[PDB]
Structure formats: structure tokens, C-alpha cells
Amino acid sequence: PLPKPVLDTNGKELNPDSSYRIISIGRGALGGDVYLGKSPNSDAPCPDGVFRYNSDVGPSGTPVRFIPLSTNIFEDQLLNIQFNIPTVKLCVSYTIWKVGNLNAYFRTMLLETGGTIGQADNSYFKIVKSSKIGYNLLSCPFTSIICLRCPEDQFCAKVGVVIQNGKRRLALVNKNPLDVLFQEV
């Protein structure tokens, strides 16, 4: 086997020194880029939610960068994701992606910022080829805990969307993973 690089929308392999919008395969009303927004029921002083827009006809996404376990961004390998945008004084820490605590109402964990880099917590993801069209994000929370008889003793789950206050909120799901592409800025 060989580590397979993840490609952007233009075919050029993904680069840690570059920034990408996470854009959806689906089009129009079925479309909308990932971005940083405010969770209605969050107490954080900063915007701390990972959302995708309701249509692709409007604002573009918030750019992100990917931080592999060194040194190349490959498929099926743990990495961190971080919004790459300038930030107020208070919010410099609310930029690294992470998966949150169990939410009883959605029965899943929601995607948020406030994570950390290079640590065996809830900030690790994977990029993998979708079953349908393109790429899926995977969340691998709890890398410090042995998942008994799991692929590499690791709990991983697909990233999809739930509706929270009539917005699309990225979260762990079972079916209908968000199919995405990475359009370099």
C-alpha cells in the first residue's frame, strides 16, 4: 500500500502551507460552503461553530488549513483542521476544529472550534474518498482511548449535517456524509 495524497479542486495535491475552502458537491439549494459561525446555544465569547451555508449562491466559505502528523496531507490519516482567518483579540483560540460533548437533543457530537494541535484529544479528523462523489471528513475523537477491536483501536465516525436553528451544522452522522471538495484560495 501507498499513502495517497488528497487533491484539491484543481488536481494539485493538498499543501499544509496553503488554504482551502471546503465546498460541497451538491449544487444550488443543495449546496453551501463550510464556514465559522455562532452557535445559538453556545456560551463561548467567540464564534465557535462549524456550519455550511444554505445555498452556494452567496458568501464563500471560511478558509481552512490542514495540519498532518507531518508532513504531507494523505487520505485516511489523522490531522487537524483550522480556520485560517484574522481574528479579534479574544478569539484567537477559537479557530481550531474539534468535536464537542455529547448533545442529547441530536444524539451526536457537533463540530466546533476551540481545539488544539498535535494532541490525542477530540481535534483529529481524516480526509477520505466518499462512497458517492468526492471527499468525506471523518472525526476520530478519543484517540487516547482504546476502541476494542476497532480499526487501529480507534473510534471514527463520518461527518455530516444536522439542522440547528435552521442552519446546517456539521456533526457526526451515520448516513449521508457531506461530500466535499477542497478549492484552494
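The first residue of the shown sequence is 1; numbering continues from there.
J.: Look over 166 to 174 and 6 to 14 in the entry and identify the one with the greater average Cα temperature factor.
T.: Per the deposited B-factors, the answer is 6 to 14.
J.: Given the B-factors recorded for C-alpha atoms, which segment has the greater mean, 103 to 111 or 75 to 83?
T.: Higher of the two, by average CA B-factor, is 75 to 83.
J.: In this PDB entry, which of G28, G49, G160, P63 has the top CA B-factor?
T.: In this record, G28 carries the highest C-alpha B-factor of the candidates.
J.: Relative to the other modelled residues in the chain, which third contains the C-alpha temperature factor of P141: lowest, middle or highest?
T.: CA B-factor rank for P141: middle third.
J.: Select lowest, middle or highest to describe the third in which the CA B-factor of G32 falls within its chain in this entry.
T.: CA B-factor rank for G32: middle third.
J.: Please place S123 in the lowest, middle or highest third of its chain according to the CA B-factor in the PDB entry.
T.: For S123, the deposited C-alpha B-factor lands in the lowest third.
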